[PDB]
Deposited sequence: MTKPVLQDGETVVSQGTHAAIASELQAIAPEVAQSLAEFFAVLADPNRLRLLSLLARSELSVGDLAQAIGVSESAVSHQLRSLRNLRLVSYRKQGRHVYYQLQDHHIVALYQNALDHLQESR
């Protein structure tokens, strides 16, 4: 059979790389339970406004999160499924 194309692999690689950051993953653990404002997230991570709004505004262009203060959510059902499966599998321990 065929492996996915090298270009497809490299992009999929780049997408997992952004997930390979514990601070990002902390934000996403919050968005996993509900949509939340720019300041509700900062108050959970116990940091600032102008800095949650740096990381989120990063994750937006990465396609992990979306926004409508602003409200953030997990972009869509792939993101939700991906975060949960990863975190349940790690939990099996």
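- Mapping the modelled residues onto the deposited sequence reveals missing stretches at 1 to 24, 93 to 96, 122.
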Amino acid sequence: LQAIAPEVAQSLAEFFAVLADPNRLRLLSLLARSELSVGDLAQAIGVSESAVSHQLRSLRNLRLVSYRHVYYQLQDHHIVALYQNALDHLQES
From here on, numbers count along this sequence of modelled residues.
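- The stretch 69 to 77 shows the higher mean C-alpha B-factor when 18 to 26 is compared against 69 to 77 in the entry.
- Set 27 to 35 against 49 to 57 and average the Cα temperature factors; 49 to 57 ends up higher.
- Per-chain ranking of the deposited C-alpha B factor places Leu1 in the highest third.
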